Amino acid sequence: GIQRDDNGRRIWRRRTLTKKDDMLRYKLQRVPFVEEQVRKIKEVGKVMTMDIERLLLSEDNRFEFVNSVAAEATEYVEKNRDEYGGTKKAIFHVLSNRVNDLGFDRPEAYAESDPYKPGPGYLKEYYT
Amino acid sequence: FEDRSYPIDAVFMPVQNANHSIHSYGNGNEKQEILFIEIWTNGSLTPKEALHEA
């Protein structure tokens, strides 16, 4: 097992696949043309939808999950009243905090803004 | 067609894909729209250079 040659450096057998996995070729690839789709997914708020499903996989009962989130949200508003109700929503803050607690990274309260707004007074108009 | 030269059915498309979208803004009666253009190229041309040639 333990082998040292001449100069005291231990020499050892590096473990390798030494076998063929056909799943390696056809699965570690990528589609190149989803930039528009990715940007709309974030725009419509679909990312938090996946995060909610992620959090519910760690929960035994979805009704106690709902109650716990509301309880945590109530605590945020009492602690800092003026920071919530506009661009930052307390329930959205709770959900993003709970995703970050798992070690993943999300923007605070999923809040994002349009960088191409042509100054104050201008509202983006939605094409139904 | 002779001398045993195999034809190659090439698709001439240095631009792989292109899309456009429009954002509309307004403050009262004053309207204003913004045009976005997305360009994908196969590297034989930059997207900015493709925009100029188009």
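Order of the sequence lines sets the chain letters (A, B, ...), proteins ahead of strands, with each chain counted from 1. Both backbone and side-chain heavy atoms feed into the values below; hydrogens, waters and symmetry mates do not.
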A quick test of your reading: do over 12 heavy atoms of other residues, nucleotides or ligands sit less than 6.0 Å from [atom1] of [X]?
| X | atom1 | answer |
| --- | --- | --- |
| A:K124 | NZ | yes |
| A:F92 | CZ | no |
| B:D3 | CG | yes |

Same apolar cluster: [X] and [Y], side chain cutoff 4.5 Å:
| X | Y | answer |
| --- | --- | --- |
| A:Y110 | A:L102 | yes |
| A:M48 | A:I41 | yes |
| B:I22 | B:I37 | yes |
| A:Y127 | A:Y122 | no |
| A:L95 | A:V66 | no |

Requested in this report: Anything in residues 39-54 of chain B with a heavy-atom distance to chain A below 4.5 Å? Please list those residues in order.
Outcome: B:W40
Query raised in the report: Applying a criterion of heavy atom separation less than 4.5 Å, what residues of residues 51-65 of chain A form contacts with chain B?
Result: none
Requested in this report: Write out, in numerical order, the residues from residues 18-38 of chain A with a heavy atom short of 4.5 Å from a heavy atom in chain B.
Outcome: A:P32, A:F33, A:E35, A:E36
Query raised in the report: What pairs of residues pass the side chain to side chain donor-acceptor pair (under 3.5 Å) test when at least one of them lies in residues 4-13 of chain A, not counting sequence neighbours?
Result: A:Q3-A:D5
Query - Straight-line distance of A:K117 NZ to B:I34 CD1, nearest 0.5 Å - result: 10.5 Å
Query raised in the report: chain A heavy atoms under 4.5 Å from B:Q32: which part of the residue, side chain, backbone, both or neither?
Result: side chain
